[PDB]
């Protein structure tokens, strides 16, 4: 009924965009009413290097081999900022579940 689809995207900084995303969440500041402490894509800039590659509400699970499980918001931001021309970001996308009439098979 609910699945989480996971994959890794490599993002390339564009000068004038950085990686072209905003992130919310963290244990200090859950982005969710539920209290979920996940790091989330909260914005993808039109024309930026992340467009067509990520969507708002994608859970960030890992950034260049460092886990984003129940971390400080500031810790997630620093990891992305610390990165060179590329960020390999593992994300998980929620499909189906709760309201949708979808079953995955």
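Positions refer to the first chain, counted from 1. Each form is matched to the other, and the largest set of C-alpha atoms that superpose within 1.5 Å is called the rigid core.
The stretch that strays farther, by root mean square C-alpha distance over structures and residues in 5 other deposited structures of this protein after a rigid core fit, is 24-32, when 24-32 is set against 60-68.
Choosing between 75-83 and 33-41, the greater Cα displacement from the shown form in 5 other deposited structures of this protein, fitted by the core, goes with 33-41. Among the modelled residues of the chain, residue 54 sits in the highest third by CA temperature factor in this PDB entry. Ranked against the other modelled residues of its chain, the C-alpha B-factor of residue 92 as given in the entry falls in the lowest third. Ranked by Cα temperature factor within the chain, residue 25 sits in the lowest third according to the deposited record. Remark: residue 84 belongs to the middle third of its chain, ranked by C-alpha B-factor as recorded. Looking at the C-alpha B-factors along this chain, the one for residue 34 belongs to the highest third.
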